[PDB]
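Enquirer: Input: one structure, supplied below.
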Amino acid sequence: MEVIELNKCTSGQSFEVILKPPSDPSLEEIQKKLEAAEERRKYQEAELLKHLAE
Amino acid sequence: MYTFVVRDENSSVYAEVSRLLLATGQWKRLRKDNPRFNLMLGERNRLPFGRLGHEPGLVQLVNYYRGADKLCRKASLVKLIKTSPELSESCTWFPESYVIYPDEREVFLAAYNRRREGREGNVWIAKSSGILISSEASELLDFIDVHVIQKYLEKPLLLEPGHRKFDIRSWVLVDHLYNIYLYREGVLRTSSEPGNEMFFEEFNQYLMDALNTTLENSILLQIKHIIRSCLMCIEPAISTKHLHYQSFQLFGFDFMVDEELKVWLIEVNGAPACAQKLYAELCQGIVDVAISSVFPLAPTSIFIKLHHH
Amino acid sequence: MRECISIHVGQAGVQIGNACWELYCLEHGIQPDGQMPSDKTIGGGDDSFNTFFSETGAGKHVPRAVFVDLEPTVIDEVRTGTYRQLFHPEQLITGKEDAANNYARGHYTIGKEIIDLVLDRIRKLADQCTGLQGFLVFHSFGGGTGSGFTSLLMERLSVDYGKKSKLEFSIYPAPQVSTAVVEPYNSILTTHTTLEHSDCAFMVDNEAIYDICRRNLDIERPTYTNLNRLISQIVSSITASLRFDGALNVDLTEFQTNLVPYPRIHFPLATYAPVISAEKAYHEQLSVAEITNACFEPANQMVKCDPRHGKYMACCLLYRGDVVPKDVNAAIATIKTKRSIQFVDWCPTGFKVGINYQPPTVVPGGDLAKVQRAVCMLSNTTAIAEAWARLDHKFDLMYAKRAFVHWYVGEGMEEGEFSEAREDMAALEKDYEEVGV
Amino acid sequence: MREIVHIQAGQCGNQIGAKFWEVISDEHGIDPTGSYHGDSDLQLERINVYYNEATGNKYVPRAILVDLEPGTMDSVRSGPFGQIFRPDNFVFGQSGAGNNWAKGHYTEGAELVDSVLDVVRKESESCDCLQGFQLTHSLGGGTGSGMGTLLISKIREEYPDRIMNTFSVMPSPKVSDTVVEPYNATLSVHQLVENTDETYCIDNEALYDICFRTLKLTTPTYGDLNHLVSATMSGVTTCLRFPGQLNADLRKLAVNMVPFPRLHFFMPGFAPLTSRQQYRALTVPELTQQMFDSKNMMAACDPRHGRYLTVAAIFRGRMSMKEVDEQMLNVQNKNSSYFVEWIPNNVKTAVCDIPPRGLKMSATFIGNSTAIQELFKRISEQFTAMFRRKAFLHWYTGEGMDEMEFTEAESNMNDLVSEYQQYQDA
Ligand SMILES: Nc1nc2c(ncn2[C@@H]2O[C@H](COP(=O)(O)OP(=O)(O)OP(=O)(O)O)[C@@H](O)[C@H]2O)c(=O)[nH]1
Ligand SMILES: Nc1ncnc2c1ncn2[C@@H]1O[C@H](COP(=O)(O)OP(=O)(O)CP(=O)(O)O)[C@@H](O)[C@H]1O
Ligand SMILES: CCOC(=O)c1cc2c(n1Cc1cc(OC)cc(OC)c1)-c1oncc1CCC2
Ligand SMILES: Nc1nc2c(ncn2[C@@H]2O[C@H](COP(=O)(O)OP(=O)(O)O)[C@@H](O)[C@H]2O)c(=O)[nH]1
Ligand SMILES: [Ca+2]
Ligand SMILES: [Ca+2]
Ligand SMILES: [Ca+2]
Ligand SMILES: [Mg+2]
Ligand SMILES: [Mg+2]
């Protein structure tokens with residue numbers, strides 16, 4: 001049971017008590033995956049319109 | 001109408017418990033994977049405790065205590081008994097044991113050499129959770145190439161006529177409130193070598209005719225003391241008192257009796273079977289105290305309530 | 001003094017944000033019109049509350065916050081509420097059509113059209129910061145916007161603010177509190193895409209806040225208002241060290257340092273006590289020992305689980321009110337000799353303690369009673385994985401039949417993202433098991 | 001500002017449609033002239049979903065009335081709320097469709113569809129954020145069935161990203177106009193399987209049984225049947241029209257109710273169904289039990305013969321929302337065998353404070369059950385009974401159709417039946 005790093009001020013108080021010691025993707029890569037999803041949307045809609053035209 | 005699920009077909013105890021629940025007309029069995037259950041008779045291995053108690057509008061109860069394996073695994077029981085301040089102090093009822101990883105190798109040989117030195121009984125038994133009984137430390141450590149080495153009771157109590165060795169099995173039930181209930185009926189398994197099942201009534205009669213004492217006074221007091229010590233030790237670690245689900249569990253305690261009428265704890269079984277003659281009585285008791293207490297339906301107890309704070 | 005920018009996404013994040021800033025103002029003495037009489041440095045300053053409030057020449061203290069939602073109804077409540085005078089229009093961003101409870105709709109379809117605008121408004125606030133620490137992101141797991149657009153925003157923030165910390169306050173889905181059937185899909189989709197972008201995330205299971213409101217506040221059918229006021233108190237005690245003078249968790253970096261030794265395992269459990277009903281005039285004030293003990297009762301945890309069957313990697317105690325260090329140690333010593341508190345072998349067994357003398361502030365007319373001392377414990381226990389297991393099990397049930405998958409594939413998502421996300425969660429569950437077993 | 005565009009086509013479509021606007025107009029406090037006279041804010045908060053606001057605080061339904069003969073639409077204009085509809089939104093021909101799907105879909109209807117799309121385009125162009133469309137029609141006639149599905153196909157082509165919802169009345173020999181109704185219904189169901197997101201299956205066989213067996217009406221009229229349909233349509237749209245803890249829209253409904261694209265045909269239910277006892281107040285337990293009872297289902301399918309994929313329940317009136325959650329959870333946990341286990345928490349409940357006219361509280365049931373296959377089997381059998389002998393086909397081949405289009409229609413619906421059967425044994 002040890003108390004360390006005790007700091008005090010007007011607002012409060014903080015300390016540490018020890019009981020036992022121990023033993024990213026770039027903007028381009030993101031734009032491509034977003035634009036890839038938009039292509040699959042546009043392709044699925046084109047097939048729908050092609051189907052409706054028939 | 002209460003709902004329950006069965007996830008351990010191999011359980012002869014709860015196969016009968018399920019049979020009784022249906023026989024009440026107030027319980028309905030569901031598919032094993034239906035989550036809208038009030039009662040789970042769970043599997044022995046990898047029971048998903050983490051998915052219990054999250055079904056809105058359903059009080060859920062399971063027939064196993066999460067964390068009770070510490071008491072039912074031989075290597076864990078030894079560690080629990082050695083490191084628990086509430087146990088390690090005493091343990092006059094638990095045989096001298098050591099956990100040897102294939103570690104307490106040096107501590108075992110320290111007491112072993114002390115026995116062969118003094119020419120004492122130096123027979124140890126090693127098992128795990130295949131067994132070997134030997135008096136040579138070399139044969140024990142080579143047999144295990146995780147196991148535990150434990151002193152073999154060289155001076156056991158022998159029933160006569162027959163010069164037979166025996167062990168006592170006690171069934172203990174702990175409910176969602178952590179009441180400890182000891183089934184009034186036990187069983188002794190006779191070796192039959194210098195139908196291998198003797199019930200308490202006969203054993204009590206023998207003790208009176210042979211040793212001029214009763215089963216309660218010479219053995220049962222120590223059994224109840226051992227059962228209570230082991231279970232009150234882990235109570236804070238497994239209690240479901242303020243938990244989102246509830247637990248009860250049937251236990252199987254195994255004891256040995258030496259020629260001095262002293263009781264020794266052998267092991268604890270978390271998924272025990274029952275004696276064929278006692279399946280009905282105990283199973284009905286499980287429904288009474290463990291299941292219907294939480295889900296009541298629409299008078300001497302078969303259990304001895306071991307009191308505790 | 002370093003600034004923190006708060007970002008609220010979706011209905012849950014916006015309404016929870018509205019409750020936090022109402023509380024912040026009460027705790028700092030800021031009136032709804034933004035005026036702060038106790039602030040003597042008019043139009044500026046480097047005080048501790050300036051971490052969350054900028055200042056105008058007229059003495060208005062403006063939250064460093066931005067509200068974003070794909071539909072306008074929820075954020076319109078902010079524009080009309082008591083604290084409408086607090087924020088300016090640029091801070092409030094809304095769309096026309098929401099994500100319809102569809103992660104793919106919030107991340108790809110709809111999100112792609114509004115991401116740049118949000119990033120710009122954020123850059124505006126960042127341009128007012130002398131030393132921006134990072135961001136606090138509030139959002140739900142189950143909402144189409146809260147899950148889908150948040151993960152998109154987190155990726156872009158890691159690009160535009162690489163050196164800044166990002167902390168999450170996430171709402172875990174609970175069927176009892178209005179939930180869509182596909183919320184398990186969204187929860188796992190957004191956790192996978194956001195995992196390597198968040199430094200520390202505080203999950204709040206609505207199931208927990210719900211039962212705490214029913215049992216401790218005697219509320220029969222708690223509402224979002226009830227839930228949010230309780231959540232705001234907890235969020236307040238977590239962010240208090242950033243808004244007041246102190247030495248514990250004084251910057252976003254310290255949260256990672258004190259609570260997250262393993263980057264992937266960055267979901268600390270929060271336990272809060274006491275929660276006393278306001279309708280209860282005769283309230284027996286709880287002691288330091290009694291509230292510290294309650295921190296180890298599952299019934300007071302923001303996520304229901306059993307820390308007894310896990311392993312702690314770190315523990316922090318945040319007290320507010322009449323607490324003195326002596327009483328805290330006398331309580332720790334007692335709870336150690338009674339509770340099951342196992343730490344991992346590669347970590348010290350101890351507690352970092354922080355005390356703020358100002359007792360918790362309760363919203364006038366709310367459901368929470370004023371108390372003399374409260375505590376919030378932040379413990380990184382492997383038991384929180386139980387929540388991942390529940391969520392991944394529901395995911396597996398539906399995905400085995402591909403139920404509702406077509407709604408996601410129909411927005412541009414691929415069925416493989418489902419499997420990829422579930423696999424990352426499988427690894428996450430395994431990391432917890434290798435740490436606490 | 002999520003506006004919905006309403007379309008009603010044919011005799012049946014325009015009769016249930018007119019009744020729908022009379023019912024909800026009363027609930028929102030709008031009189032036959034379009035002037036508001038309610039007493040609560042909840043009436044006007046989401047009134048924009050179904051009404052346009054004209055100068056003078058006038059509310060005009062966003063409804064488009066369509067028919068190939070003027071007969072029925074003249075009755076609407078003469079009916080109670082006839083003057084509330086936008087006069088320009090009356091689009092009608094003079095030839096009729098003679099209960100012939102081919103005439104409504106290919107010949108007579110094709111000549112009128114463009115002028116309908118012109119009105120639809122004018123209504124949508126002035127929408128802040130268009131949700132989608134809801135169509136009322138029967139599947140047994142010619143205009144609502146043939147031209148109705150033609151409209152759906154062309155509306156989808158012009159608004160591929162909007163929700164298409166329909167209230168579709170299924171024919172039944174018990175309430176029959178002509179023998180070719182199975183032909184027209186089989187042809188339409190395929191159009192619906194392909195071009196709608198949500199279809200409320202309103203089975204005239206169930207409506208007749210509810211009037212005869214329950215309401216004790218010896219000789220039910222279409223008026224009696226439409227009374228049930230009005231009550232149901234008011235119910236399933238409550239969460240779209242009023243504010244509450246769950247302000248729903250057409251897309252979130254489709255997302256949570258449709259786990260597979262083709263399986264989007266719902267079973268509606270309503271409680272109470274009291275016979276004229278109209279003063280006796282119902283308890284929350286009684287609403288919940290009746291709401292799930294087959295005798296309150298509008299589709300004439302036995303739910304216990306299939307399994308529920310998803311369920312939406314709406315409770316209207318001032319009641320214990322706590323007791324509501326208790327009774328709902330009681331129904332599920334009691335009959336959990338009739339709810340598929342691979343969709344967790346598939347039963348959602350909503351509560352609205354404002355009850356319908358004449359009731360202290362009500363409950364509306366929206367179920368996506370695999371037992372709906374019984375309805376499609378029924379139609380398919382009646383279809384095949386005639387088609388095996390090519391009976392009455394000349395009415396259709398005379399309009400340009402060939403037998404192949406019939407062979408494909410039957411095959412498509414038998415597939416639909418097989419798909420429901422697949423998930424009933426999953
Ligand atoms: N605690 C709390 N949870 C909320 C609140 N609002 C919504 N939720 C939860 O959030 C989940 C749904 O996410 P939402 O935020 O409503 O959805 P969204 O982010 O707006 O996304 P979309 O509406 O689909 O565009 C549900 O599980 C709700 O229980 C709130 O105010 N407080
Ligand atoms: N320390 C010891 N001294 C003497 N005999 C012992 C002993 N430990 C075990 N035994 C013997 O072995 C038995 C218990 O051993 P073990 O735990 O391997 O049985 P088991 O668990 O494999 C099957 P069961 O659960 O029915 O006992 C005792 O009944 C006794 O006969
Ligand atoms: C299991 C499927 O449940 C449904 O249908 C279901 C579940 C949900 C919704 N919805 C649709 C709905 C619509 C309705 O009005 C048309 C009445 C309802 O009553 C519960 C539910 C819904 O809607 N708007 C927002 C939400 C949030 C997600 C929960
Ligand atoms: N429920 C109900 N069904 C109707 C009504 N009028 C017609 N039907 C049914 O609709 C079918 C006839 O279609 P109808 O609408 O008259 O043909 P259409 O005008 O060419 O579209 C038959 O199955 C009738 O039972 C009505 O007012 N209510
Ligand atoms: Ca200042
Ligand atoms: Ca980063
Ligand atoms: Ca012509
Ligand atoms: Mg939203
Ligand atoms: Mg007609």
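If you're wondering about the labels, chains in the structure tokens are A, B, ... by order shown, residues count from 1 in each chain, ligands from 1 in order shown.
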Output the contact residues of chain C with respect to chain A at a cut-off of 7 Å, based on only C-alpha atoms, as JSON, numbers by chain.
Expert: {"C": [108, 159, 245, 246, 247, 248, 345, 346, 347, 348, 349, 350, 351, 352, 353, 354, 355, 356, 357, 410, 411, 412, 413]}
Enquirer: Select all residues from chain B having any atom no more than 12 Å from an atom of chain D (counting only C-alpha atoms, ignoring ligands), output as a list in words.
Expert: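 Taken together, these residues fit the definition: residues 1, 2, 3, 4, 26, 27, 28, 29, 30, 31, 32, 33, 34, 35, 36, 37, 38, 54, 55, 56, 57, 58 and 59 of chain B.
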Enquirer: Hey, which residues come within 12 Å of ligand 7 if we count only C-alpha atoms and all ligand atoms? Could you give them as a PyMOL selection string?
Expert: chain D and resi 68+93-97+103-104+106-112
Enquirer: As a ChimeraX atom specification, please: every residue in range 225-269 of chain B that a backbone DSSP assignment puts in helix (DSSP H, G or I).
Expert: /B:225-238
Enquirer: Determine which residues of range 43-249 of chain B receive a DSSP assignment of strand (DSSP E), computed from the backbone, and state them as a PyMOL selection string.
Expert: chain B and resi 61-62+97-100+124-127+132-134+147-151+166-174+180-183+187-190+197-199+246-247+249
Enquirer: Take the selection from the previous step and output its residues with N, CA and C atoms, as a short mmCIF file (atom, residue, chain, number, x, y, z; two decimals), in the first residue's frame.
Expert:
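Printed below is result.cif as written:
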```cif
data_model
loop_
_atom_site.label_atom_id
_atom_site.label_comp_id
_atom_site.auth_asym_id
_atom_site.auth_seq_id
_atom_site.Cartn_x
_atom_site.Cartn_y
_atom_site.Cartn_z
N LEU B 61 -32.30 -18.38 -15.11
CA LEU B 61 -31.62 -19.17 -14.09
C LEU B 61 -30.90 -20.32 -14.77
N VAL B 62 -29.67 -20.58 -14.34
CA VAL B 62 -28.85 -21.64 -14.91
C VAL B 62 -28.36 -22.55 -13.79
N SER B 97 -0.71 -32.23 -0.58
CA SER B 97 -0.68 -32.32 -2.04
C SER B 97 0.29 -31.29 -2.61
N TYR B 98 0.67 -31.52 -3.86
CA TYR B 98 1.57 -30.62 -4.58
C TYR B 98 1.20 -30.62 -6.05
N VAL B 99 1.24 -29.45 -6.67
CA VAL B 99 0.96 -29.30 -8.09
C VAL B 99 2.28 -29.37 -8.85
N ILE B 100 2.44 -30.40 -9.67
CA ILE B 100 3.67 -30.65 -10.41
C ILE B 100 3.36 -30.50 -11.90
N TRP B 124 2.74 -42.03 -2.10
CA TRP B 124 2.02 -40.91 -2.69
C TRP B 124 1.25 -41.38 -3.91
N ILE B 125 0.13 -40.72 -4.17
CA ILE B 125 -0.71 -41.00 -5.34
C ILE B 125 -0.74 -39.76 -6.21
N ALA B 126 -0.58 -39.95 -7.52
CA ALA B 126 -0.57 -38.87 -8.49
C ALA B 126 -1.70 -39.08 -9.49
N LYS B 127 -2.50 -38.04 -9.71
CA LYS B 127 -3.56 -38.07 -10.71
C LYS B 127 -3.71 -36.68 -11.30
N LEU B 132 -1.47 -43.44 -10.79
CA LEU B 132 -0.34 -44.27 -10.38
C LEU B 132 -0.08 -44.07 -8.90
N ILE B 133 0.01 -45.18 -8.16
CA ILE B 133 0.32 -45.17 -6.74
C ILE B 133 1.71 -45.78 -6.57
N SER B 134 2.61 -45.04 -5.93
CA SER B 134 3.98 -45.51 -5.76
C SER B 134 4.56 -44.91 -4.48
N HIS B 147 -0.54 -32.41 -13.26
CA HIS B 147 -0.99 -33.39 -12.28
C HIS B 147 -0.79 -32.85 -10.87
N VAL B 148 -1.27 -33.61 -9.90
CA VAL B 148 -1.08 -33.32 -8.48
C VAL B 148 -0.65 -34.60 -7.78
N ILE B 149 0.33 -34.48 -6.89
CA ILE B 149 0.82 -35.60 -6.10
C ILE B 149 0.26 -35.45 -4.69
N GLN B 150 -0.40 -36.51 -4.20
CA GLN B 150 -1.12 -36.46 -2.94
C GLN B 150 -0.83 -37.71 -2.13
N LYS B 151 -0.78 -37.54 -0.81
CA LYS B 151 -0.49 -38.66 0.08
C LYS B 151 -1.61 -39.70 0.01
N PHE B 166 -13.35 -48.15 1.36
CA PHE B 166 -14.56 -47.49 0.89
C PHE B 166 -14.33 -45.99 0.80
N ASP B 167 -15.23 -45.32 0.09
CA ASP B 167 -15.27 -43.87 0.01
C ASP B 167 -16.72 -43.42 0.09
N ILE B 168 -16.92 -42.21 0.62
CA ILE B 168 -18.25 -41.66 0.86
C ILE B 168 -18.52 -40.55 -0.15
N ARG B 169 -19.69 -40.59 -0.77
CA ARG B 169 -20.12 -39.58 -1.73
C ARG B 169 -21.31 -38.82 -1.15
N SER B 170 -21.17 -37.50 -1.05
CA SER B 170 -22.23 -36.63 -0.55
C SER B 170 -22.63 -35.66 -1.64
N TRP B 171 -23.94 -35.49 -1.83
CA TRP B 171 -24.48 -34.57 -2.82
C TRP B 171 -24.91 -33.29 -2.12
N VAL B 172 -24.35 -32.16 -2.56
CA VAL B 172 -24.63 -30.86 -1.97
C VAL B 172 -25.23 -29.97 -3.05
N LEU B 173 -26.31 -29.26 -2.70
CA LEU B 173 -26.99 -28.36 -3.61
C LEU B 173 -26.91 -26.94 -3.07
N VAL B 174 -26.47 -26.01 -3.91
CA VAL B 174 -26.37 -24.60 -3.55
C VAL B 174 -27.31 -23.83 -4.47
N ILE B 180 -26.68 -23.72 1.40
CA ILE B 180 -25.99 -24.98 1.18
C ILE B 180 -26.86 -26.10 1.74
N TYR B 181 -27.33 -26.98 0.86
CA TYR B 181 -28.22 -28.08 1.22
C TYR B 181 -27.49 -29.40 1.03
N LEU B 182 -27.36 -30.17 2.10
CA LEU B 182 -26.73 -31.48 2.06
C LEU B 182 -27.81 -32.55 2.00
N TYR B 183 -27.86 -33.28 0.89
CA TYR B 183 -28.80 -34.39 0.75
C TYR B 183 -28.64 -35.36 1.91
N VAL B 187 -23.78 -42.29 -0.16
CA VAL B 187 -23.42 -43.59 -0.71
C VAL B 187 -21.95 -43.84 -0.41
N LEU B 188 -21.65 -45.09 -0.03
CA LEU B 188 -20.30 -45.58 0.16
C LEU B 188 -20.00 -46.61 -0.92
N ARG B 189 -18.85 -46.46 -1.57
CA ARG B 189 -18.41 -47.37 -2.62
C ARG B 189 -17.35 -48.30 -2.05
N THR B 190 -17.73 -49.55 -1.79
CA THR B 190 -16.81 -50.51 -1.19
C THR B 190 -15.90 -51.12 -2.25
N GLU B 197 -22.03 -50.82 -2.98
CA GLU B 197 -22.71 -49.58 -2.62
C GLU B 197 -23.44 -49.80 -1.30
N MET B 198 -22.98 -49.12 -0.25
CA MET B 198 -23.60 -49.17 1.06
C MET B 198 -24.18 -47.80 1.39
N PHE B 199 -25.46 -47.76 1.71
CA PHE B 199 -26.12 -46.51 2.05
C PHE B 199 -25.94 -46.20 3.54
N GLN B 246 -29.10 -15.72 -12.45
CA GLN B 246 -29.04 -16.49 -11.22
C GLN B 246 -28.43 -17.86 -11.48
N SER B 247 -27.80 -18.42 -10.44
CA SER B 247 -27.11 -19.70 -10.55
C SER B 247 -27.46 -20.60 -9.37
N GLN B 249 -26.26 -24.96 -8.37
CA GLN B 249 -25.45 -26.07 -8.88
C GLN B 249 -25.45 -27.21 -7.88
#
```
Enquirer: Collect all residues with atoms no farther than 7 Å from ligand 9, counting only C-alpha atoms and all ligand atoms, and output them as a list in words.
Expert: residues 11, 12, 141 and 177 of chain D
Enquirer: Residues as selected, N, CA and C atoms, written as a CSV table (one decimal), in the first residue's frame, can you do that?
Expert:
```csv
chain,number,residue,atom,x,y,z
D,11,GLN,N,-62.0,0.9,-59.1
D,11,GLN,CA,-63.1,1.0,-58.2
D,11,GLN,C,-62.7,0.8,-56.8
D,12,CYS,N,-62.2,-0.4,-56.5
D,12,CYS,CA,-61.8,-0.8,-55.2
D,12,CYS,C,-60.8,0.2,-54.6
D,141,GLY,N,-59.5,-6.9,-60.4
D,141,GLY,CA,-60.1,-6.2,-61.5
D,141,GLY,C,-59.2,-5.9,-62.7
D,177,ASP,N,-66.5,-10.7,-58.2
D,177,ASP,CA,-67.2,-10.1,-59.3
D,177,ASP,C,-67.2,-10.9,-60.5
```
Enquirer: Check every residue of chain B for an atom within 9 Å of chain C, counting only C-alpha atoms, and provide those that qualify as a list in words.
Expert: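 So the contacting residues turn out to be residues 49, 50, 51, 54, 55, 56, 66, 67, 236, 237, 238, 242, 243 and 244 of chain B.
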Enquirer: Kindly save the residues from that selection, with C-alpha atoms included, as an mmCIF file, in the first residue's frame.
Expert:
```
data_model
loop_
_atom_site.group_PDB
_atom_site.id
_atom_site.type_symbol
_atom_site.label_atom_id
_atom_site.label_comp_id
_atom_site.auth_asym_id
_atom_site.auth_seq_id
_atom_site.Cartn_x
_atom_site.Cartn_y
_atom_site.Cartn_z
ATOM 1 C CA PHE B 49 -22.554 -17.212 -19.050
ATOM 2 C CA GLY B 50 -21.951 -13.906 -20.844
ATOM 3 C CA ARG B 51 -25.187 -14.247 -22.828
ATOM 4 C CA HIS B 54 -29.814 -9.918 -21.151
ATOM 5 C CA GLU B 55 -33.288 -11.034 -22.294
ATOM 6 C CA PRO B 56 -35.735 -8.250 -21.335
ATOM 7 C CA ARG B 66 -19.560 -19.642 -13.047
ATOM 8 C CA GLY B 67 -16.182 -20.018 -11.355
ATOM 9 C CA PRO B 236 -17.598 -13.947 -2.876
ATOM 10 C CA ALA B 237 -16.118 -15.087 -6.209
ATOM 11 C CA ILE B 238 -19.127 -16.985 -7.612
ATOM 12 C CA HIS B 242 -26.575 -8.946 -7.276
ATOM 13 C CA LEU B 243 -25.971 -10.353 -10.770
ATOM 14 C CA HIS B 244 -28.198 -10.035 -13.831
#
```
Enquirer: Just the residues within 6 Å of residue 140 in chain D, please, counting only C-alpha atoms, with nothing from its chain fewer than 5 positions along; format it as a list in words.
Expert: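 These residues fall inside the cut-off: residues 171, 181, 184 and 185 of chain D.
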Enquirer: Kindly provide, as a count of residues only, all nucleotide and amino acid residues lying within 7 Å of ligand 4, counting only C-alpha atoms and all ligand atoms.
Expert: 34
Enquirer: Taking 2 positions as the minimum chain separation for residues in the same chain, which residues sit within 10 Å of residue 210 in chain D when counting only C-alpha atoms? Answer as a PyMOL selection string.
Expert: chain D and resi 204-208+212-217+220+224-225+228+273+295-298+300
Enquirer: Residues up to 9 Å from ligand 8, counting only C-alpha atoms and all ligand atoms: could you list those as a list in words?
Expert: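 What falls inside 9 Å of ligand 8 is residues 10, 11, 12, 69, 70, 71, 72, 73, 74, 97, 98, 99, 100, 101, 143, 144, 145 and 146 of chain C.
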Enquirer: Show me which residues line ligand 5, defined as having an atom within 7 Å of a ligand atom where only C-alpha atoms and all ligand atoms count, and present them as an MDAnalysis selection string.
Expert: chainID C and resid 39:45 47 55
Enquirer: Taking N, CA and C atoms for each residue, export the selection above as a PDB file, in the first residue's frame.
Expert:
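Written output follows (result_16.pdb):
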```pdb
ATOM      1  N   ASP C  39     -16.188  34.700 -15.009  1.00  0.00           N
ATOM      2  CA  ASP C  39     -15.024  34.843 -15.878  1.00  0.00           C
ATOM      3  C   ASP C  39     -14.663  36.320 -15.973  1.00  0.00           C
ATOM      4  N   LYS C  40     -13.526  36.695 -15.385  1.00  0.00           N
ATOM      5  CA  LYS C  40     -13.100  38.088 -15.366  1.00  0.00           C
ATOM      6  C   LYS C  40     -12.252  38.474 -16.570  1.00  0.00           C
ATOM      7  N   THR C  41     -11.719  37.499 -17.307  1.00  0.00           N
ATOM      8  CA  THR C  41     -10.968  37.770 -18.534  1.00  0.00           C
ATOM      9  C   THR C  41     -11.958  37.773 -19.692  1.00  0.00           C
ATOM     10  N   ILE C  42     -12.451  38.961 -20.029  1.00  0.00           N
ATOM     11  CA  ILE C  42     -13.482  39.104 -21.052  1.00  0.00           C
ATOM     12  C   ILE C  42     -12.862  38.916 -22.429  1.00  0.00           C
ATOM     13  N   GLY C  43     -13.443  38.014 -23.219  1.00  0.00           N
ATOM     14  CA  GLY C  43     -13.038  37.818 -24.593  1.00  0.00           C
ATOM     15  C   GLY C  43     -11.845  36.913 -24.808  1.00  0.00           C
ATOM     16  N   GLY C  44     -11.314  36.294 -23.761  1.00  0.00           N
ATOM     17  CA  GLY C  44     -10.172  35.420 -23.939  1.00  0.00           C
ATOM     18  C   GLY C  44      -9.762  34.782 -22.631  1.00  0.00           C
ATOM     19  N   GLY C  45      -8.563  34.204 -22.646  1.00  0.00           N
ATOM     20  CA  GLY C  45      -8.025  33.530 -21.482  1.00  0.00           C
ATOM     21  C   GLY C  45      -7.542  32.128 -21.790  1.00  0.00           C
ATOM     22  N   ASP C  47      -7.748  29.553 -19.347  1.00  0.00           N
ATOM     23  CA  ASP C  47      -8.204  28.796 -18.192  1.00  0.00           C
ATOM     24  C   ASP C  47      -8.512  27.354 -18.593  1.00  0.00           C
ATOM     25  N   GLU C  55     -14.267  32.017 -26.475  1.00  0.00           N
ATOM     26  CA  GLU C  55     -14.840  33.260 -25.983  1.00  0.00           C
ATOM     27  C   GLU C  55     -14.878  34.305 -27.087  1.00  0.00           C
TER      28      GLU C  55
END
```
Enquirer: Name the residues, by chain letter and number, that sit within 10 Å of ligand 3 using only C-alpha atoms and all ligand atoms, and give them as a PyMOL selection string.
Expert: (chain C and resi 100-101+142-144+175+177-183) or (chain D and resi 235-242+245-259+308-315+343-352+364-368)
Enquirer: If the cut-off is 9 Å, can you tell me the residues of chain A near chain D, counting only C-alpha atoms? I'd like them as a PDB file with N, CA and C atoms, in the first residue's frame.
Expert:
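This went into selection-v1.pdb:
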```pdb
ATOM      1  N   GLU A  45     -28.099   0.102 -60.820  1.00  0.00           N
ATOM      2  CA  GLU A  45     -29.223   0.892 -61.308  1.00  0.00           C
ATOM      3  C   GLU A  45     -29.340   0.819 -62.826  1.00  0.00           C
ATOM      4  N   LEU A  48     -31.155  -2.251 -63.651  1.00  0.00           N
ATOM      5  CA  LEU A  48     -32.582  -2.065 -63.404  1.00  0.00           C
ATOM      6  C   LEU A  48     -33.242  -1.321 -64.558  1.00  0.00           C
ATOM      7  N   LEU A  49     -32.637  -0.213 -64.995  1.00  0.00           N
ATOM      8  CA  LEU A  49     -33.200   0.546 -66.106  1.00  0.00           C
ATOM      9  C   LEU A  49     -33.191  -0.273 -67.392  1.00  0.00           C
ATOM     10  N   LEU A  52     -36.083  -2.498 -67.061  1.00  0.00           N
ATOM     11  CA  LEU A  52     -37.348  -1.806 -67.281  1.00  0.00           C
ATOM     12  C   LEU A  52     -37.550  -1.458 -68.749  1.00  0.00           C
ATOM     13  N   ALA A  53     -36.470  -1.151 -69.471  1.00  0.00           N
ATOM     14  CA  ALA A  53     -36.598  -0.851 -70.893  1.00  0.00           C
ATOM     15  C   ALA A  53     -37.095  -2.065 -71.668  1.00  0.00           C
TER      16      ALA A  53
END
```
